[PDB]
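Asker: So I've got this file, my_file.cif, and it contains mmCIF, N, CA and C atoms and all ligand atoms:
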data_target
loop_
_atom_site.label_atom_id
_atom_site.label_comp_id
_atom_site.auth_asym_id
_atom_site.auth_seq_id
_atom_site.Cartn_x
_atom_site.Cartn_y
_atom_site.Cartn_z
N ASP E 1 -20.78 15.09 11.56
CA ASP E 1 -19.78 15.52 12.53
C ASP E 1 -18.49 15.93 11.82
N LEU E 2 -17.79 16.90 12.40
CA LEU E 2 -16.50 17.31 11.86
C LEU E 2 -15.44 16.23 12.06
N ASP E 3 -15.56 15.44 13.13
CA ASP E 3 -14.59 14.39 13.41
C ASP E 3 -14.69 13.22 12.45
N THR E 4 -15.82 13.06 11.76
CA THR E 4 -16.00 11.93 10.85
C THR E 4 -15.13 12.08 9.60
N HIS E 5 -14.78 13.30 9.25
CA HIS E 5 -13.97 13.53 8.06
C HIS E 5 -12.47 13.46 8.34
N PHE E 6 -12.10 13.19 9.59
CA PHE E 6 -10.69 13.16 9.97
C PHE E 6 -10.29 11.87 10.66
N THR E 7 -11.09 10.80 10.56
CA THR E 7 -10.75 9.56 11.25
C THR E 7 -9.53 8.88 10.64
N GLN E 8 -9.45 8.85 9.31
CA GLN E 8 -8.31 8.26 8.63
C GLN E 8 -7.19 9.26 8.38
N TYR E 9 -7.40 10.54 8.66
CA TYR E 9 -6.35 11.53 8.47
C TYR E 9 -5.47 11.72 9.70
N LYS E 10 -5.90 11.23 10.86
CA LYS E 10 -5.03 11.26 12.04
C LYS E 10 -3.88 10.27 11.92
N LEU E 11 -4.04 9.23 11.11
CA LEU E 11 -3.01 8.22 10.92
C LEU E 11 -1.94 8.64 9.91
N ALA E 12 -2.10 9.80 9.28
CA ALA E 12 -1.16 10.30 8.29
C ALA E 12 -0.33 11.44 8.86
N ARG E 13 0.78 11.72 8.20
CA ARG E 13 1.73 12.73 8.63
C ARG E 13 2.21 13.51 7.42
N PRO E 14 2.71 14.73 7.62
CA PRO E 14 3.42 15.43 6.54
C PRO E 14 4.74 14.76 6.20
N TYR E 15 5.34 15.22 5.11
CA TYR E 15 6.63 14.70 4.70
C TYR E 15 7.38 15.77 3.92
N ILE E 16 8.69 15.57 3.80
CA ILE E 16 9.56 16.45 3.03
C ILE E 16 9.90 15.75 1.73
N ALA E 17 9.49 16.35 0.62
CA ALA E 17 9.83 15.87 -0.71
C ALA E 17 10.31 17.06 -1.53
N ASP E 18 11.12 16.77 -2.54
CA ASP E 18 11.75 17.84 -3.31
C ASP E 18 10.74 18.51 -4.24
N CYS E 19 10.98 19.79 -4.50
CA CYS E 19 10.19 20.52 -5.46
C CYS E 19 11.13 21.57 -6.02
N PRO E 20 11.04 21.87 -7.32
CA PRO E 20 11.93 22.88 -7.89
C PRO E 20 11.53 24.28 -7.46
N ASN E 21 12.54 25.15 -7.37
CA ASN E 21 12.38 26.60 -7.27
C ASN E 21 11.64 27.02 -5.99
N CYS E 22 12.21 26.67 -4.84
CA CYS E 22 11.85 27.38 -3.62
C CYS E 22 12.26 28.83 -3.73
N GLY E 23 13.56 29.04 -3.76
CA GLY E 23 14.17 30.32 -4.04
C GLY E 23 14.73 30.26 -5.44
N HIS E 24 16.01 29.88 -5.54
CA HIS E 24 16.70 29.82 -6.81
C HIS E 24 17.22 28.44 -7.18
N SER E 25 17.29 27.49 -6.25
CA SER E 25 18.13 26.31 -6.48
C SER E 25 17.50 25.00 -6.00
N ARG E 26 16.21 24.80 -6.32
CA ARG E 26 15.46 23.52 -6.28
C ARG E 26 15.63 22.75 -4.96
N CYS E 27 15.04 23.33 -3.92
CA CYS E 27 15.11 22.89 -2.53
C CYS E 27 14.56 21.50 -2.26
N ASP E 28 14.65 21.08 -1.00
CA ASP E 28 13.80 20.04 -0.43
C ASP E 28 12.93 20.72 0.62
N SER E 29 11.62 20.71 0.41
CA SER E 29 10.76 21.58 1.20
C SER E 29 9.61 20.80 1.82
N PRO E 30 9.10 21.25 2.97
CA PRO E 30 7.86 20.65 3.51
C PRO E 30 6.66 20.85 2.61
N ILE E 31 6.61 21.96 1.88
CA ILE E 31 5.57 22.18 0.87
C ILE E 31 6.11 21.66 -0.45
N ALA E 32 5.36 20.76 -1.08
CA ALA E 32 5.77 20.17 -2.35
C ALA E 32 4.52 19.99 -3.20
N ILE E 33 4.40 20.78 -4.26
CA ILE E 33 3.19 20.80 -5.07
C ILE E 33 3.16 19.56 -5.96
N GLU E 34 2.18 18.70 -5.73
CA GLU E 34 1.97 17.51 -6.55
C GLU E 34 0.53 17.49 -7.04
N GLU E 35 0.36 17.27 -8.35
CA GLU E 35 -0.94 17.05 -9.00
C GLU E 35 -1.90 18.22 -8.80
N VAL E 36 -1.54 19.34 -9.43
CA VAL E 36 -2.49 20.44 -9.57
C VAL E 36 -3.59 20.04 -10.55
N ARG E 37 -4.84 20.31 -10.18
CA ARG E 37 -5.99 19.94 -10.99
C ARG E 37 -6.77 21.20 -11.33
N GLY E 38 -6.93 21.47 -12.63
CA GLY E 38 -7.53 22.71 -13.07
C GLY E 38 -8.61 22.59 -14.13
N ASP E 39 -9.47 21.57 -14.03
CA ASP E 39 -10.46 21.29 -15.06
C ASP E 39 -11.86 21.78 -14.69
N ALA E 40 -11.96 22.86 -13.93
CA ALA E 40 -13.25 23.41 -13.55
C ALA E 40 -13.68 24.48 -14.55
N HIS E 41 -14.70 25.27 -14.20
CA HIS E 41 -15.28 26.23 -15.13
C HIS E 41 -15.24 27.68 -14.65
N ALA E 42 -14.53 27.99 -13.57
CA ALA E 42 -14.39 29.39 -13.20
C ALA E 42 -13.00 29.70 -12.67
N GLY E 43 -12.00 28.93 -13.08
CA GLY E 43 -10.66 29.16 -12.58
C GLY E 43 -10.45 28.72 -11.15
N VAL E 44 -11.30 27.85 -10.63
CA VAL E 44 -11.09 27.26 -9.31
C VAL E 44 -10.31 25.95 -9.48
N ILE E 45 -9.21 25.83 -8.74
CA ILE E 45 -8.29 24.71 -8.86
C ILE E 45 -8.14 24.06 -7.49
N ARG E 46 -7.64 22.83 -7.50
CA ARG E 46 -7.36 22.09 -6.28
C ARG E 46 -5.90 21.67 -6.29
N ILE E 47 -5.19 21.99 -5.21
CA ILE E 47 -3.75 21.79 -5.11
C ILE E 47 -3.49 20.81 -3.98
N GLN E 48 -2.78 19.73 -4.28
CA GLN E 48 -2.37 18.76 -3.28
C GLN E 48 -0.91 19.00 -2.94
N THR E 49 -0.61 19.07 -1.65
CA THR E 49 0.74 19.34 -1.17
C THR E 49 1.17 18.24 -0.22
N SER E 50 2.30 18.45 0.45
CA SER E 50 2.78 17.49 1.43
C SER E 50 2.44 17.88 2.87
N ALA E 51 2.14 19.15 3.12
CA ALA E 51 1.80 19.59 4.47
C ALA E 51 0.38 19.17 4.82
N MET E 52 0.07 19.25 6.11
CA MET E 52 -1.26 18.91 6.62
C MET E 52 -1.90 20.15 7.21
N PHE E 53 -3.10 20.47 6.74
CA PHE E 53 -3.84 21.65 7.17
C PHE E 53 -5.01 21.21 8.03
N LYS K 197 -5.60 6.50 -31.21
CA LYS K 197 -4.41 7.08 -31.80
C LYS K 197 -3.66 7.98 -30.84
N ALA K 198 -3.89 7.81 -29.53
CA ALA K 198 -3.17 8.39 -28.41
C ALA K 198 -3.33 9.90 -28.26
N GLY K 199 -3.93 10.57 -29.23
CA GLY K 199 -4.14 11.99 -29.10
C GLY K 199 -5.40 12.53 -29.74
N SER K 200 -6.29 11.67 -30.23
CA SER K 200 -7.38 12.14 -31.08
C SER K 200 -8.75 12.00 -30.43
N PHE K 201 -9.25 10.79 -30.21
CA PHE K 201 -10.48 10.65 -29.43
C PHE K 201 -10.53 9.42 -28.53
N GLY K 202 -9.84 8.34 -28.86
CA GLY K 202 -10.04 7.11 -28.14
C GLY K 202 -8.81 6.66 -27.40
N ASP K 203 -8.10 7.59 -26.78
CA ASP K 203 -6.93 7.21 -26.01
C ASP K 203 -7.28 6.73 -24.61
N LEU K 204 -8.55 6.74 -24.23
CA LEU K 204 -9.00 6.14 -22.98
C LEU K 204 -10.44 5.68 -23.19
N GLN K 205 -10.61 4.39 -23.46
CA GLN K 205 -11.92 3.81 -23.74
C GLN K 205 -12.23 2.79 -22.66
N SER K 206 -13.33 3.01 -21.94
CA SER K 206 -13.80 2.11 -20.90
C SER K 206 -15.21 1.67 -21.24
N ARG K 207 -15.48 0.36 -21.09
CA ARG K 207 -16.71 -0.23 -21.63
C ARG K 207 -17.96 0.26 -20.93
N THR K 208 -17.85 0.68 -19.67
CA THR K 208 -18.92 1.37 -18.99
C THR K 208 -18.30 2.36 -18.01
N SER K 209 -19.15 3.06 -17.26
CA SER K 209 -18.68 4.13 -16.39
C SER K 209 -17.94 3.63 -15.15
N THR K 210 -18.07 2.34 -14.81
CA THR K 210 -17.37 1.79 -13.66
C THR K 210 -16.72 0.45 -13.99
N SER K 211 -16.23 0.30 -15.21
CA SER K 211 -15.63 -0.97 -15.62
C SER K 211 -14.24 -1.13 -15.02
N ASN K 212 -13.93 -2.36 -14.61
CA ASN K 212 -12.58 -2.65 -14.16
C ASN K 212 -11.61 -2.72 -15.33
N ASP K 213 -12.07 -3.18 -16.49
CA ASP K 213 -11.26 -3.15 -17.69
C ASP K 213 -11.17 -1.73 -18.23
N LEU K 214 -10.04 -1.42 -18.86
CA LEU K 214 -9.79 -0.08 -19.38
C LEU K 214 -8.71 -0.18 -20.45
N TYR K 215 -9.04 0.22 -21.67
CA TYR K 215 -8.06 0.29 -22.75
C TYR K 215 -7.58 1.72 -22.87
N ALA K 216 -6.26 1.91 -22.87
CA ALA K 216 -5.69 3.25 -22.90
C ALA K 216 -4.29 3.17 -23.47
N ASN K 217 -4.08 3.75 -24.65
CA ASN K 217 -2.74 4.06 -25.12
C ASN K 217 -2.51 5.57 -25.12
N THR K 218 -1.39 5.98 -24.55
CA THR K 218 -1.11 7.40 -24.37
C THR K 218 0.33 7.76 -24.69
N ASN K 219 1.09 6.86 -25.33
CA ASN K 219 2.50 7.03 -25.67
C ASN K 219 3.34 7.39 -24.45
N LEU K 220 3.08 6.72 -23.33
CA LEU K 220 3.82 6.96 -22.11
C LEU K 220 5.25 6.46 -22.26
N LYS K 221 6.20 7.24 -21.78
CA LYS K 221 7.61 6.88 -21.87
C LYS K 221 8.33 7.43 -20.66
N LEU K 222 9.09 6.57 -19.99
CA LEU K 222 9.79 6.97 -18.78
C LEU K 222 11.17 7.50 -19.11
N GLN K 223 11.56 8.57 -18.42
CA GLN K 223 12.84 9.22 -18.61
C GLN K 223 13.71 9.03 -17.38
N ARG K 224 14.98 9.32 -17.55
CA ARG K 224 15.96 9.12 -16.49
C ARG K 224 15.86 10.25 -15.47
N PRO K 225 15.81 9.94 -14.17
CA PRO K 225 15.99 10.98 -13.16
C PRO K 225 17.41 11.51 -13.18
N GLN K 226 17.55 12.79 -12.84
CA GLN K 226 18.77 13.52 -13.13
C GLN K 226 19.38 14.14 -11.89
N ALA K 227 20.71 14.16 -11.86
CA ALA K 227 21.54 14.93 -10.92
C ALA K 227 21.34 14.54 -9.46
N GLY K 228 20.86 13.33 -9.20
CA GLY K 228 20.75 12.86 -7.83
C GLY K 228 19.57 13.41 -7.06
N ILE K 229 18.37 13.30 -7.64
CA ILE K 229 17.13 13.57 -6.92
C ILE K 229 16.18 12.41 -7.19
N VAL K 230 15.24 12.21 -6.27
CA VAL K 230 14.29 11.11 -6.35
C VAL K 230 12.98 11.66 -6.90
N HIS K 231 12.69 11.32 -8.15
CA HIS K 231 11.39 11.56 -8.76
C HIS K 231 11.26 10.62 -9.94
N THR K 232 10.03 10.42 -10.40
CA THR K 232 9.80 9.63 -11.61
C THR K 232 9.27 10.55 -12.70
N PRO K 233 10.11 10.99 -13.63
CA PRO K 233 9.62 11.81 -14.74
C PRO K 233 9.24 10.96 -15.94
N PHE K 234 8.15 11.37 -16.60
CA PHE K 234 7.63 10.65 -17.75
C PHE K 234 7.33 11.64 -18.87
N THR K 235 6.82 11.12 -19.98
CA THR K 235 6.52 11.93 -21.15
C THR K 235 5.42 11.24 -21.93
N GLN K 236 4.33 11.96 -22.20
CA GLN K 236 3.23 11.39 -22.95
C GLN K 236 2.54 12.48 -23.74
N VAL K 237 1.85 12.08 -24.80
CA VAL K 237 1.09 13.02 -25.63
C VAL K 237 -0.12 13.49 -24.83
N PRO K 238 -0.58 14.73 -25.02
CA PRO K 238 -1.71 15.24 -24.23
C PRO K 238 -3.05 14.57 -24.53
N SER K 239 -4.09 14.99 -23.83
CA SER K 239 -5.36 14.27 -23.83
C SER K 239 -6.10 14.45 -25.15
N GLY K 240 -6.61 13.35 -25.68
CA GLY K 240 -7.40 13.42 -26.90
C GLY K 240 -8.82 13.86 -26.67
N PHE K 241 -9.36 13.59 -25.48
CA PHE K 241 -10.69 14.10 -25.15
C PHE K 241 -10.66 15.61 -24.94
N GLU K 242 -9.60 16.11 -24.32
CA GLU K 242 -9.43 17.56 -24.17
C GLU K 242 -9.22 18.23 -25.52
N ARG K 243 -8.47 17.59 -26.42
CA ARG K 243 -8.29 18.12 -27.77
C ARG K 243 -9.59 18.05 -28.57
N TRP K 244 -10.44 17.06 -28.30
CA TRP K 244 -11.72 16.98 -28.99
C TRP K 244 -12.65 18.11 -28.57
N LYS K 245 -12.54 18.59 -27.33
CA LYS K 245 -13.46 19.61 -26.84
C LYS K 245 -13.17 20.99 -27.42
N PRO P 191 -42.89 13.23 3.54
CA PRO P 191 -42.45 11.85 3.78
C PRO P 191 -41.13 11.78 4.54
N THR P 192 -40.61 10.56 4.72
CA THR P 192 -39.35 10.34 5.40
C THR P 192 -38.30 9.83 4.42
N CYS P 193 -37.04 10.10 4.72
CA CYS P 193 -35.94 9.63 3.90
C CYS P 193 -35.44 8.29 4.45
N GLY P 194 -34.38 7.76 3.85
CA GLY P 194 -33.89 6.44 4.18
C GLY P 194 -33.11 6.41 5.48
N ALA P 195 -32.58 5.22 5.79
CA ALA P 195 -31.84 5.03 7.03
C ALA P 195 -30.46 5.68 6.99
N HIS P 196 -29.92 5.94 5.81
CA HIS P 196 -28.62 6.58 5.66
C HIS P 196 -28.74 8.08 5.41
N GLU P 197 -29.94 8.64 5.50
CA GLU P 197 -30.18 10.05 5.24
C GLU P 197 -30.92 10.67 6.41
N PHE P 198 -30.52 11.88 6.79
CA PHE P 198 -31.16 12.64 7.85
C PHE P 198 -31.95 13.78 7.22
N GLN P 199 -33.26 13.79 7.44
CA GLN P 199 -34.12 14.80 6.85
C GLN P 199 -34.07 16.09 7.67
N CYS P 200 -33.77 17.20 7.00
CA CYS P 200 -33.79 18.49 7.68
C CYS P 200 -35.20 19.06 7.75
N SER P 201 -35.78 19.38 6.59
CA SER P 201 -37.10 19.96 6.43
C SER P 201 -37.44 19.98 4.94
N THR P 202 -38.74 19.95 4.65
CA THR P 202 -39.31 20.10 3.30
C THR P 202 -38.75 19.07 2.31
N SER P 203 -38.67 17.81 2.76
CA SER P 203 -38.30 16.65 1.94
C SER P 203 -36.92 16.79 1.30
N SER P 204 -35.97 17.31 2.07
CA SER P 204 -34.58 17.43 1.64
C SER P 204 -33.69 16.84 2.73
N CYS P 205 -33.01 15.74 2.42
CA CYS P 205 -32.24 15.00 3.41
C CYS P 205 -30.76 14.95 3.04
N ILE P 206 -29.93 14.84 4.07
CA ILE P 206 -28.48 14.80 3.95
C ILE P 206 -27.98 13.56 4.66
N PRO P 207 -26.77 13.07 4.32
CA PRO P 207 -26.21 11.91 5.03
C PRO P 207 -25.96 12.16 6.51
N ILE P 208 -25.78 11.05 7.24
CA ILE P 208 -25.71 11.07 8.70
C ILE P 208 -24.44 11.77 9.19
N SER P 209 -23.33 11.60 8.47
CA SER P 209 -22.10 12.29 8.84
C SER P 209 -22.13 13.78 8.50
N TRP P 210 -23.13 14.24 7.75
CA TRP P 210 -23.23 15.62 7.31
C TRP P 210 -23.98 16.50 8.32
N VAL P 211 -24.13 16.04 9.56
CA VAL P 211 -24.84 16.77 10.61
C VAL P 211 -23.82 17.21 11.65
N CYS P 212 -23.91 18.49 12.05
CA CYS P 212 -23.00 19.14 13.00
C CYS P 212 -21.55 19.06 12.53
N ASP P 213 -21.33 19.43 11.27
CA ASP P 213 -20.01 19.39 10.64
C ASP P 213 -19.64 20.75 10.07
N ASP P 214 -20.06 21.81 10.76
CA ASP P 214 -19.74 23.21 10.45
C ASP P 214 -20.21 23.63 9.05
N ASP P 215 -21.29 23.03 8.57
CA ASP P 215 -21.79 23.32 7.22
C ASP P 215 -23.30 23.26 7.23
N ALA P 216 -23.94 24.38 6.91
CA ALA P 216 -25.40 24.44 6.79
C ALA P 216 -25.78 24.00 5.38
N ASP P 217 -25.75 22.69 5.17
CA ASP P 217 -26.09 22.11 3.88
C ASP P 217 -27.57 22.25 3.49
N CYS P 218 -28.44 22.33 4.49
CA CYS P 218 -29.87 22.30 4.27
C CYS P 218 -30.39 23.71 4.06
N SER P 219 -31.53 23.80 3.36
CA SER P 219 -32.13 25.10 3.07
C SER P 219 -32.67 25.77 4.33
N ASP P 220 -33.21 24.97 5.25
CA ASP P 220 -33.74 25.51 6.50
C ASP P 220 -32.66 25.60 7.59
N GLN P 221 -31.46 25.11 7.27
CA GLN P 221 -30.32 25.09 8.19
C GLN P 221 -30.68 24.48 9.54
N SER P 222 -31.47 23.40 9.50
CA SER P 222 -31.92 22.76 10.73
C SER P 222 -30.82 21.96 11.40
N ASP P 223 -29.82 21.53 10.64
CA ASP P 223 -28.74 20.71 11.19
C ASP P 223 -27.85 21.35 12.27
N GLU P 224 -27.48 22.61 12.11
CA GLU P 224 -26.61 23.29 13.08
C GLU P 224 -27.32 24.09 14.17
N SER P 225 -28.63 23.91 14.22
CA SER P 225 -29.45 24.59 15.20
C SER P 225 -28.93 24.19 16.57
N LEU P 226 -29.13 25.09 17.52
CA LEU P 226 -28.62 24.90 18.86
C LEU P 226 -29.14 23.61 19.45
N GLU P 227 -30.30 23.14 19.01
CA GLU P 227 -30.78 21.91 19.63
C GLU P 227 -30.08 20.67 19.10
N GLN P 228 -30.00 20.52 17.77
CA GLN P 228 -29.34 19.34 17.20
C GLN P 228 -27.83 19.40 17.37
N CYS P 229 -27.25 20.60 17.33
CA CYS P 229 -25.81 20.76 17.50
C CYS P 229 -25.43 21.13 18.92
N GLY P 230 -26.25 21.91 19.61
CA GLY P 230 -25.99 22.29 20.99
C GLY P 230 -25.06 23.46 21.17
N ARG P 231 -24.55 24.04 20.09
CA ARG P 231 -23.61 25.16 20.19
C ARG P 231 -24.35 26.49 20.29
CA CA Z 1 -23.84 19.82 7.36
#
Take the structure in this file and express it as structure tokens.
Ligand SMILES: [Ca+2]
Answerer:
Amino acid sequence: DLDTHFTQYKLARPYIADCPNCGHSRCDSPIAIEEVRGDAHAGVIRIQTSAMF
Amino acid sequence: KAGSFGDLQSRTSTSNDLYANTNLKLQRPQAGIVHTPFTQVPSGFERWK
Amino acid sequence: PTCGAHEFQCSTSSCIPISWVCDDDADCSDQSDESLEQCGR
């Protein structure tokens, strides 16, 4: 079921954390790139952010 | 040696024990923002490959 | 044959976990999981 993968994700929320270089001057943004992982074999990467998709 | 081959040695694939030296060092956060910046030598397994 | 209690067999001795059924993904080779009967869509 699609709902089985979201049972513990309904209890979570987005957050605002700082990240450098939104525009020019290191904002506080709803999108905040944390822990980019790039150890695959065809240039496919996984990006963890603060927003909820 | 923190950068050569054995900077992360675990006795089996799911061991709770884990030996790891990586020359981790914490730095001061700057100019009034909340983050934890650190500094460590890169991976010795990646350098071995 | 049949698979275990934590696996749902699609067809031709290839089984997937129980949460992997009707989850918008045709994981099985015969795509039996999302069929209108098991999924109803
Ligand atoms: Ca599926």
Asker: Between atom CA of residue 6 of chain E and atom C of residue 218 of chain P, what is the distance in Å, rounded to a tenth?
Answerer: 23.1 Å
Asker: Compile the residues of chain P that lie within 5 Å of chain E, evaluated using all atoms listed in the file, and express the compilation as a PyMOL selection string.
Answerer: chain P and resi 209-213
Asker: Skipping near chain neighbours, those fewer than 2 positions away, what residues fall within 5 Å of residue 34 of chain E using only N, CA and C atoms, listed as a count of residues only?
Answerer: 4
Asker: Do you have the atom C of residue 17 of chain E-atom N of residue 35 of chain E distance handy?
Answerer: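 Going from atom C of residue 17 of chain E over to atom N of residue 35 of chain E, I get 12.1 Å.
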Asker: For chain K, which residues have at least one atom within 8 Å of chain E, if we go by all atoms listed in the file? Write them as a list in words, please.
Answerer: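 Putting it all together, I get residues 229, 230 and 231 of chain K.
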Asker: Measure the distance from atom CA of residue 30 of chain E to atom CA of residue 51 of chain E in Å and round it to one decimal.
Answerer: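 These two atoms are separated by 6.2 Å.
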Asker: As a VMD selection string, please: every residue in chain P that DSSP puts in alpha helix (DSSP H).
Answerer: chain P and resid 226 to 229
Asker: Tell me which protein, DNA and RNA residues are within 8 Å of residue 206 of chain P, counting all atoms listed in the file, leaving out same-chain ones fewer than 2 positions away, and put them as a list in words.
Answerer: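 So the residues in contact are residues 193, 196, 197, 198, 199, 200, 201, 203, 204, 208, 209, 210, 211, 217 and 218 of chain P.
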Asker: I need the residues of chain E that end up classed as strand (DSSP E or B) by DSSP on the backbone, written out as a ChimeraX atom specification.
Answerer: /E:17-18,28-29,34-37,46-48
Asker: Which neighbours of residue 200 of chain K fall inside 10 Å, counting only C-alpha atoms, when residues of the same chain fewer than 6 positions from it are skipped, and could you give them as a list in words?
Answerer: residues 238, 239, 240, 241, 242, 243 and 244 of chain K
